[PDB]
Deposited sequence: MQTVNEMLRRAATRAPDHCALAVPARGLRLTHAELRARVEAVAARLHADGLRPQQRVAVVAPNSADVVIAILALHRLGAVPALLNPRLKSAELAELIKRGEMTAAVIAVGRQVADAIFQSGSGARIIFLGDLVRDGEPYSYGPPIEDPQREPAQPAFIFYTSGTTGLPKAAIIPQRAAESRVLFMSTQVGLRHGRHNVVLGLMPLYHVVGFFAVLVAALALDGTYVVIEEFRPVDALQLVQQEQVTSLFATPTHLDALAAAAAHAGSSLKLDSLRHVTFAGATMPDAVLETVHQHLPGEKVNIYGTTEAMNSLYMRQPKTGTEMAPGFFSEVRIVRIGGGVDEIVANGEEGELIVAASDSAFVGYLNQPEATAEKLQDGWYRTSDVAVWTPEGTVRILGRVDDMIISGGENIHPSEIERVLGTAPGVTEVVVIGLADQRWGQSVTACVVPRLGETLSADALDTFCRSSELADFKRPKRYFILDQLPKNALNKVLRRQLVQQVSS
């Protein structure tokens, strides 16, 4: 295997004086050799203060060069970094760190978090990021330390992933997973080894794409990672131009923003250097996709992936955001909902997408053996997504099993109806739910008007009748709301909505 550490180490022997980290706004640049020096120095410092291999360290910070240095230093030492979304409420962060039995916590968020950690009773030692490394410059004492022995199945990193109503679960990523979590960027997306690589770090580092597929890949291929501390669509495009960015990996929401800024900019922004525009994470509307093809350069690639197994499907120059096919490393099937991994459907029938659990796969959720046994079954990872094989030999993603509505013997996927209701005049936001009906469930739309506008059930039903929706799919009730209840990561508390209505 090559661990994260070993991929970056080899890269540094190959391209020591090439730029590894660029932070344009701050005028900071570090070569592969310089980044290595600082990784080693922060590692030694942590080891002198008593941090040891296989111990877990929570990391809670926005993207920055300093956090890259810190995360890589923890790994270099042998400790297991547990990367956490900084938008999580203090209390949820304090509880996850606690449940994880973590030796320490590296944070670059408020005093309020720091309190909440201390005030929770977990033994985790609080480390402020700017106390470890500041603007690429470490506070250094001790140097240097032993490169610890790493084993294929051994835990390497922990990433968090939301469940059928949280808290987020701690997915344990083993040492052997790193290589294939990088190399799909080459086999599926077509990135290749070389100092030509300038990768815009738009994805957050607490997400497996932000870290393996963007940061680690950028470096492991002897390229440059461009740090983005806060997403700004025009600024980001200026960086593409200034830095000669070759690839960018973003969410449907980033790309919608970028496509529009690019449309407005025209030939004012030179985007020639950009060869790869990759997206994953959500199912992108057709309208967003179309503007992507229209106003952004480079090859477009849709990537289906999970925290648990990384990349399982993809599509080059996609026409819809729903249809993708397995690539290298991957093996997939669609099986009856709630059935065995060998219960294959008559393709064209709907079932659960499951993918083989091989080298890229997590080894389990930390301290949740029951959730693990639901997800990892007989060599397979179960995605909890509903899918169908198209007559074209592709996998159409339909929606979450958990979101699926069962109304009079039929699967009804809210995402499909939300897609249609989204295009109705005056609708700013819509979530579609099943309300308990003693037939099984009744399809219900919850709709928010655009600022100052009015909506009506009559008008929205008419609109649905004029749509391509199958009759049985049209909502039976509408609720016009001024807000949908959401968590701190702004996703709909669908169960709590059901309650609210």
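Novice: What stretches of this chain's deposited sequence are missing C-alpha coordinates?
Specialist: The deposited sequence has unmodelled segments at 439, 503 to 504.
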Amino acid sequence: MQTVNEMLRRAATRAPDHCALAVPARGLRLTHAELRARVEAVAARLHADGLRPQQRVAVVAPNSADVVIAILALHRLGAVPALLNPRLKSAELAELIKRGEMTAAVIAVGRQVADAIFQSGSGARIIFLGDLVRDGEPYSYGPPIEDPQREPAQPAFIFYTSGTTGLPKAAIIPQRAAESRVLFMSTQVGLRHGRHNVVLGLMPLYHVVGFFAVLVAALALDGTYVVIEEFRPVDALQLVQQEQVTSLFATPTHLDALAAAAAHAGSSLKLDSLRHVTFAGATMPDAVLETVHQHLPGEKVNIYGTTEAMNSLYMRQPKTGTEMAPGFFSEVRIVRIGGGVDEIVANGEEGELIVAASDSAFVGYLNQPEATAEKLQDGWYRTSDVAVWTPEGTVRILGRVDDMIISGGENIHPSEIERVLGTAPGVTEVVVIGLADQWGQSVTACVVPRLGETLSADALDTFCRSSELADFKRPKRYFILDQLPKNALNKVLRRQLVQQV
From here on, numbers count along this sequence of modelled residues.
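Novice: Check the entry's C-alpha temperature factors for 185 to 193 and 281 to 289, then say which stretch has the higher mean.
Specialist: Averaging CA B-factors over each stretch, the winner is 281 to 289.
Novice: So 140 to 148 or 320 to 328, which one's hotter by mean CA B-factor in the entry?
Specialist: Between 320 to 328 and 140 to 148, it is 140 to 148 that shows the higher mean C-alpha B-factor.
Novice: Among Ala220, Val209, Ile354, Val109, single out the one with the highest C-alpha B factor in the record, please.
Specialist: That would be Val109, according to the entry.
Novice: If you rank every modelled residue in this chain by C-alpha B factor, which third holds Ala265: lowest, middle or highest?
Specialist: Answer is highest: the recorded C-alpha B-factor places it there.
Novice: Consider only the C-alpha atoms of the modelled residues in this chain, order them by B-factor as the entry records it, and name the third containing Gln154: lowest, middle or highest.
Specialist: Lowest third - that is where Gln154 ends up once the chain's C-alpha B-factors are sorted.
Novice: Could you look up the Cα B-factor of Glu349 in the entry and say which third of the chain it sits in: lowest, middle or highest?
Specialist: Highest third - that is where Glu349 ends up once the chain's C-alpha B-factors are sorted.
Novice: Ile433's Cα B-factor: lowest, middle or highest third of the chain?
Specialist: Within its chain, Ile433 is a middle-third residue by C-alpha B-factor, going by the deposited values.
Novice: Where does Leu167 sit by CA temperature factor within its chain: lowest, middle or highest third?
Specialist: Highest third - that is where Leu167 ends up once the chain's C-alpha B-factors are sorted.
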